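Structure 1 and structure 2 below are two forms of the same protein chain, each written out on its own as structure tokens.
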Structure 1
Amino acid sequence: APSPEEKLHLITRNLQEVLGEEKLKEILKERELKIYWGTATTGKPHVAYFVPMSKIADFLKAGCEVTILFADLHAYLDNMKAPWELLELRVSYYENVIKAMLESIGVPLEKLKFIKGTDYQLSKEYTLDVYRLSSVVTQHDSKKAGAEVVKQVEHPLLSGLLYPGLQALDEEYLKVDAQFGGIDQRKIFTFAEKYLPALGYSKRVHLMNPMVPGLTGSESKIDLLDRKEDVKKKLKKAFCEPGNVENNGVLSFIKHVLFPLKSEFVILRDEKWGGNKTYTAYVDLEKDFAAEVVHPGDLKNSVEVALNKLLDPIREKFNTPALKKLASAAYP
């Protein structure tokens, strides 16, 4: 063990949609799945970044080979004045924060690979394939395909129409069986399934997470390096309506990040209201929240303790001289 059925469950739990189940099962009967996930390197990640990271951890725990693609070429093109280093210092900050996050979750990293787009997206073979793609991709499909995902400008750039085919070719050049992302990427993924065969390449399996509401919703966001006192204050302002299970950023963070750690979640609650309870199925926590026997305040306190456990080793790592230095440069 784990068996092919167990691997399939770990790979696909919590996803909104799977494209390519037939090929996914054929691969898992024989060998480990190869998957990539792309990240931008521009913003400053906050605790929402744990939602894709929780699936990356699942893939690693299932035995998959996981490549994380850092989009540095794209980052430079959306801010060409944005000085050289600063872009690659931010790539380096993202690489170090992802490693720390996965170490905190607690998964084996031997099969995790980090690649930068510029490592190969300017190579002659890849560029020739981009030209081939431009000679079969209609201008329509590229906008259609990119109908969301591409930031929407008034005088839109050519760059926008190139994005979908570059993402498709990354599947082939990273030599993976599958790409993971969000359901908001669905039209990019179906574009890749249509047009890779035109170039003689295989369509890939596509794994799509839901768009998970933010924890604070339901700067102002909890940064991965925020200290305990600010985690505490920001979570106490989090929206969390009593009995609301359908649209609740606190429950969503438990479903997608905290419950999966050990397939359980501890609610901290005063003895007066029943004392602590350990849930072994998310649906059971949902039922009690909908019944209003788990109060929002207690839900938030329960998330605060578990989240601070996840953040503690990351904050400690980033307070060493070498990473404290990097964080300041990447984000003056």
Structure 2
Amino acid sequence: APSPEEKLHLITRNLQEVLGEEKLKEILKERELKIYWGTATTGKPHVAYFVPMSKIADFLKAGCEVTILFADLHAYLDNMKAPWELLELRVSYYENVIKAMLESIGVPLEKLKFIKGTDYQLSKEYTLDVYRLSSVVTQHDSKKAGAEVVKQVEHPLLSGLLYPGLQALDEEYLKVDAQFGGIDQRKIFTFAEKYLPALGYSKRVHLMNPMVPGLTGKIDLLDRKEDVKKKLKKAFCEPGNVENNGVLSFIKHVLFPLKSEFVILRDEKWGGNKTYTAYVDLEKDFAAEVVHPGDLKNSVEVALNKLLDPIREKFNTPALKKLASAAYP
């Protein structure tokens, strides 16, 4: 144990869609799945990142060989969401904060592989494949593949058209069996399944998380407890409304996978604390309005601060404080 079935459950739970179930099961019957998740080194990571980090935790529990890609070249190709000089600083910021999040949720880092895009995306072999891919990929398909990912501007830049192709090639160069990302990556994922074979490379399994609403409808990973409270003070959390609820979503995608349970802090007057072992049970109580928005938020606030504490402490140094400012002037 875990059995192939148990691994499949851990790997696919909470996902919106799985592409390649046949191959996925063939792999799990014999060996560990090789999978990666990529993130362009753009904006400062916020609490929403705990969502993909939770799936990464699931992959490791399932015995997967996991790689995290810091896509610095992609950040540059996406309408320069980060200058080339600041890219290296942002890669550092991302590496430090992502590792901090993983340590916070108790994910062993000794087995995770961290890689930067420019570590191999400028190599001759990779570049040759970019040109080979460009010879078969139509301008049309490239533009369509990145519609929901690359910033759409009035006068589209050539860089935006290259973006999808490099993400596809990353699957082969990182030597993975699968790629995990949000459902917003779907068009790039299908693009990769169609074109990698054209270059003699295998199509990969694709795991897609749903687009989860945020807690603030953003809470920075380094925000002080005071700001966390203030930002939570809002958040779309209407009584009895279980849809488009960022607070419930955070519990479903982050807290339950982490602790396997969720405790609602509630006054004795209204029933006292209650421990839920399944998200569906909590949702039922929220819909019945026996779990008040204020108590739901307070319960998440306590749990979130527990996740952020070690992170805020880690970055409480002159060096890291300097990096944060340098990476984001």
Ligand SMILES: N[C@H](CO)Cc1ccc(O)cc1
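Here, residue number means position along structure 1's sequence, counting from 1. Between two forms, the rigid core is the largest collection of C-alphas that superpose within 1.5 Å.
Each structure shows the same chain on its own, and structure 2 is the form deposited with the ligand bound. Core superposition between the two structures leaves every listed residue (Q152, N79, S123, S135) with a C-alpha shift below 2 angstroms except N79.
With the core superposed, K25 shows a C-alpha displacement below 2 Å between the two structures. In this overlay on the rigid core, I11 has a C-alpha that sits less than 2 Å away from its partner position between the two structures. Once both forms are fitted on their rigid core, the CA atom of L311 lies less than 2 Å apart between the two structures. Aligning the rigid core between the two structures leaves the CA of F239 offset by 2.3 Å. Aligning the rigid core between the two structures leaves the CA of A40 offset by 1.3 Å.
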